[PDB]
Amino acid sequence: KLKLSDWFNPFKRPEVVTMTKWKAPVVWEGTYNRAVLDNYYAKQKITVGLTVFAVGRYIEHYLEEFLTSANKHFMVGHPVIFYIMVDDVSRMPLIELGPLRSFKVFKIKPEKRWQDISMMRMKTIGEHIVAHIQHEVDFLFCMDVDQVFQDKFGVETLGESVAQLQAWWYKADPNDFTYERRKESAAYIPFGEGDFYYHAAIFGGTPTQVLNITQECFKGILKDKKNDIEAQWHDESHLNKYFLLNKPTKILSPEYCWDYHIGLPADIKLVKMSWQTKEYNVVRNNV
């Protein structure tokens, strides 16, 4: 009972892509009416869930910062449930959560190669969606732990299936995108194809859609393994292959996952989430 024109105005940001050829909106600062959305949603008594993994030193290095900022900026004004996946619960920080925030922690198995830790998330999120998340929330977001919220990340980002535009390529042409280019991988995307380059650090939608996103990405990750090949950018490559075949119903602008190392060009008006500086030497133990 909600139409796009009710809360989305592409004309507010005329200098940037605000609509896809499949009529899906790309939410940029200034184009959305959060107040109209907060009311509409408050009446449906929606609950928004957020999953975040932290295995190894990713725990001590980023979990607290992520959770403290999520608590303060994520879906404010609505019930939110944080789903924390760690390999060692003893090192999990218990920050104080505010109104309408609550959480739960699960201990998971730590995979050997950081590449599998990142890729296994797909299998695990799905298991939890079927087991419980599908019964506790209306929309779900799955994010990387190595980032922090800088401002309101609200209901204007909700949708069937939501994708995030990676900050370094939102202006590049598809043939410049770092898609997997080997036809031997399930993630393969031929030159001449592609809409955008999606970032794996943020994606979401209804539990059902996210269940399908992850199941499909994991089938793809498993297949490559049987074929002795590994996607160039792992799950992101698979995710991009997936969002190609199944266009997202909503796309978030780089303002929702920005990397300050790029600086801050005219297009990024109000950063809502920023990348943590990479510390691979400390947080990773391989390759």
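Numbering starts at 1 and runs along the sequence shown. By rigid core we mean the largest C-alpha set that fits within 1.5 Å across both forms.
Larger root-mean-square CA separation from the shown form, computed after a rigid core fit of the structures in 6 other deposited structures of this protein, is seen for 112-120 when 112-120 is set against 189-197. Stretch comparison, 242-250 versus 53-61: after rigid core superposition, larger RMS CA deviation in 6 other deposited structures of this protein is found for 53-61. Annotation for 102-110 versus 142-150: the higher mean temperature factor (C-alpha) is found in 102-110. Higher average CA B factor: 82-90, of the stretches 162-170 and 82-90.
Of the candidates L252, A70, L50, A42, the one whose C-alpha carries the top B factor in the deposited record is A42. In the PDB entry, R181 places in the middle third of its chain by CA B-factor.
Split the chain's modelled residues into thirds by C-alpha temperature factor. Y242 is in the lowest one. Annotation for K269: C-alpha temperature factor in the middle third relative to the rest of the modelled chain, per the entry. Sort the modelled residues of the chain by CA B factor and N175 lands in the highest third.
Among the modelled residues of the chain, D224 sits in the middle third by CA temperature factor in this PDB entry.
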